[PDB]
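For the sequence shown, the positions run 29 to 361 when the numbering used here is used.
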Amino acid sequence: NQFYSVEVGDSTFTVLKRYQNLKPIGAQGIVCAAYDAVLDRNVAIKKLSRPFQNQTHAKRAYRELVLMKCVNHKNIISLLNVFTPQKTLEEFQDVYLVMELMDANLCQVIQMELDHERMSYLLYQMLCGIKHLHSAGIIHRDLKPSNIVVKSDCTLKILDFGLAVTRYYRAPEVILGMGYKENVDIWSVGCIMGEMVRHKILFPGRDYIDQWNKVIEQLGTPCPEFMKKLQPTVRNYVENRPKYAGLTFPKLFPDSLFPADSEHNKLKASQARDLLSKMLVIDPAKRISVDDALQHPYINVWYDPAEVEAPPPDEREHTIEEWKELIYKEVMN
Ligand SMILES: O=C(NCc1ccccc1)c1cc(-c2n[nH]cc2-c2cccc(Cl)c2)c[nH]1
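1. Please name the residue, chosen from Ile53, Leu76, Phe41, that lies closest to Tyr356 on a Cα-to-Cα basis.
2. Between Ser305 and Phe277, how many whole angstroms is the CB-CB distance? I'm expecting something under 8 Å.
3. Since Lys306 is in the alpha helix (DSSP H), which residue starts that stretch and which ends it?
4. Once you ignore the five residues that flank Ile310 on each side, which residues in its own chain have a CB closer than 8 Å to its CB?
5. Which residue's Cα is closest to the Cα of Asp143: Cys182, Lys172, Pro173?
6. Drop a sphere of 10 angstroms on the beta-carbon of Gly37, count the other beta-carbons inside from all chains shown, and report buried for 16 or more, exposed for fewer.
7. Okay, do the segment 76 to 95 and the segment 176 to 196 touch, 3+ Cβ pairs below 8 Å being the bar?
8. With a threshold of 8 Å, are at least 3 pairs of Cβ atoms found where one atom belongs to the segment 292 to 299 and the other to the segment 115 to 129?
9. Is the separation between the beta-carbon of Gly218 and that of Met307 shorter than 8 Å?
10. Going straight from the alpha carbon of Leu117 to that of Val71, what length do you get?
11. Using the C-alpha atoms, what's the distance from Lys271 back to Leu204?
12. How about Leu187: is its Cβ closer than 7 Å to a heavy atom in ligand 1?
13. I'd like the span of the beta strand (DSSP E) that includes residue 364, first residue to last.
14. Please tell me whether, using a cut-off of 7 Å, the distance from the CB of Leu142 to the nearest non-hydrogen atom of ligand 1 is below it.
15. Ordered along the chain, which non-local residues of its own chain (more than five positions away) have a Cβ less than 8 Å from that of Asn293?
16. Let me know the alpha helix (DSSP H) ranges lying completely inside the segment 172 to 244, each 4 residues or longer, listed in chain order.
17. On the DSSP bridge assignment, give the partners of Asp122 in chain order.
18. Report yes or no: do the segment 50 to 64 and the segment 327 to 343 share at least 3 C-beta pairs separated by less than 8 Å?
19. Whose C-beta lies closer than 8 Å to the C-beta of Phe281 among residues of the same chain, with five residues either side of it excluded?
20. Here's the rule: buried if 16 or more other CB atoms are within 10 angstroms of the residue's CB, otherwise exposed. What is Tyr149?
21. Just to check, is the beta-carbon of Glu35 closer than 7 Å to a non-hydrogen atom of ligand 1?
22. Nearer than 7 Å: is that true of the beta carbon of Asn49 relative to any heavy atom of ligand 2?
23. Measuring alpha carbon to alpha carbon, tell me which of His160, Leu171, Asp68 ends up nearest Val99.
24. May I ask you to check if the CB of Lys74 is nearer than 7 Å to at least one heavy atom of ligand 1?
25. Sort out for me which residues DSSP pairs residue 2 with in a bridge.
26. Measuring from the CB of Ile237, is there a heavy atom of ligand 1 at a distance below 7 Å?
27. Could you check what DSSP says for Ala132 in three-state terms: helix, strand or coil?
28. Measure the Cβ-Cβ separation of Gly54 and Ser174 and say whether it is below 8 Å.
29. Is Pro278 helix, strand or coil by DSSP?
30. Would you mind sorting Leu275 into buried or exposed? The rule is 16 or more other CB atoms within 10 Å of its CB.
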């Protein structure tokens, strides 16, 4: 038999024998670090039990499965291997995802007293990976530090492909039911960029009501041109709020937060504040796009013309049992 079981914490990992001494380490599953004798590199193994028994979850697990193979990019996590220990459909149960092992996730990095070199370089890689996703037709809409993992050389990778509860990093046009274009992901990048700076969540709403309130509390009531763009019932809910003028970005992110040591740092701080003011905009029409973000003086020292400019590479609802077989078929390559 080609598998063997190890227990790690609450979980028992039954994997191919190629993966050795599993040890503990998100996401929508349970995860172990492991050694891969076949490739001779450490890997992460995520376990997905009965992924088909939650409709929403099944669709997303199927998607993350076919896309994660469809996509290839240095800043997206790619599927090294997928397998199931069960040998028949009737008994099919667990899916195991193997990815390359990283050294931390972004929430852990965010906590460091980070400088602009590291900070902009991570953001470069985020925008860079976002841009790619976009050129494939994937618009994420659900980016958050927890689904981002980085190595100790600061190389970065987005772990998932988002939408078709943490609401903190969701764009306004998402939580409000408006259409969206590419830069709907720019919002998220900015809630993160601003979070490396305060070290705290920008818009930590207790719920979806208090979400919007943490937002227009700091940025101010959107202009009528924006409100005109809401559905009649959504307006009234969003209108009726307390009207705010918002705060200037030197106020939302005072010099206190950045390492304004000397000229370089001072300049780099204001640039960061400038980018933040272009990314953290409520109206998608006034919000910066991914490219100009990459070309921003806070970011562009990282711009590698080839690494970016380069060769550019559904949806139904199912019964649980049709998900199970659909997901099963996929794992059977
Ligand atoms: O903290 C980490 N590694 C350090 C570590 C801890 C214990 C043992 C070895 C290494 C770490 C790795 C990862 C990771 N690397 N590749 C994939 C992942 C990953 C973890 C959880 C969920 C997904 Cl979808 C992917 C996330 N955090």
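Ideal Cβ positions, reconstructed from N, Cα and C, are used throughout, including at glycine.
On the basis of the supplied data:
1. Scanning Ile53, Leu76, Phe41 for the CA closest to the CA of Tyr356 turns up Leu76.
2. The beta-carbon distance between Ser305 and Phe277, rounded to whole angstroms, is 4 Å. This is short enough to meet the 8 Å contact definition.
3. Start and end: 291 to 307.
4. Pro200, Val243, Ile244, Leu247, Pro250, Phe254, listed in sequence order.
5. Out of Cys182, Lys172, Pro173, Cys182 has the C-alpha closest to the C-alpha of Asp143.
6. With a threshold of 16 other beta carbon atoms within 10 Å, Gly37 falls short and is exposed.
7. Touching, yes.
8. As far as the Cβ criterion goes, the segment 292 to 299 does not touch the segment 115 to 129, which means the pair count is below three.
9. Contact: yes.
10. A direct Cα-Cα distance of roughly 27 Å separates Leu117 from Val71.
11. Taking the straight line joining both Cα atoms gives about 17 Å.
12. With a cutoff of 7 Å, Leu187 counts as near ligand 1, since its C-beta is closer than that to a heavy atom of the ligand.
13. Coverage of the chain is limited to positions 29 through 361, which leaves residue 364 absent and any answer about it impossible.
14. No, since every heavy atom of ligand 1 falls outside the 7 Å radius drawn around the Cβ of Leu142.
15. The residues are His144, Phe286, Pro287.
16. If we require 4 residues or more, the alpha helix (DSSP H) runs fully inside the segment 172 to 244 come out as 200 to 203, 212 to 221, 223 to 226, 236 to 244.
17. According to DSSP, which records beta bridges pairwise, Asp122 is partnered with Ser77.
18. Taking 8 Å as the limit for Cβ pairs, the verdict is that the segment 327 to 343 does not touch the segment 50 to 64.
19. Only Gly222, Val225, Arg226, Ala300, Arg301, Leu304 meet the Cβ criterion.
20. Counting other Cβ atoms within 10 Å of its Cβ, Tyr149 reaches 16 or more and is therefore classed as buried.
21. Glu35: no, Cβ never under 7 Å from ligand 1.
22. Ligand 2 is absent from the structure shown, which contains only ligand 1.
23. Just measuring C-alpha positions, the residue of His160, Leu171, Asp68 sitting nearest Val99 is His160.
24. Yes; taking the cut-off as 7 Å, the Cβ of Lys74 has a heavy atom of ligand 1 nearer than that.
25. No answer is possible for residue 2: it lies beyond the span of the chain, which begins at 29 and ends at 361.
26. Not one heavy atom of ligand 1 falls within 7 Å of the beta-carbon of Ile237.
27. The three-state secondary structure of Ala132, taken from DSSP, is strand.
28. Contact check for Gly54 against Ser174 passes: the beta carbons are separated by less than 8 Å.
29. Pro278: helix per DSSP, three-state reduction.
30. When all chains shown are included, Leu275 counts as exposed.
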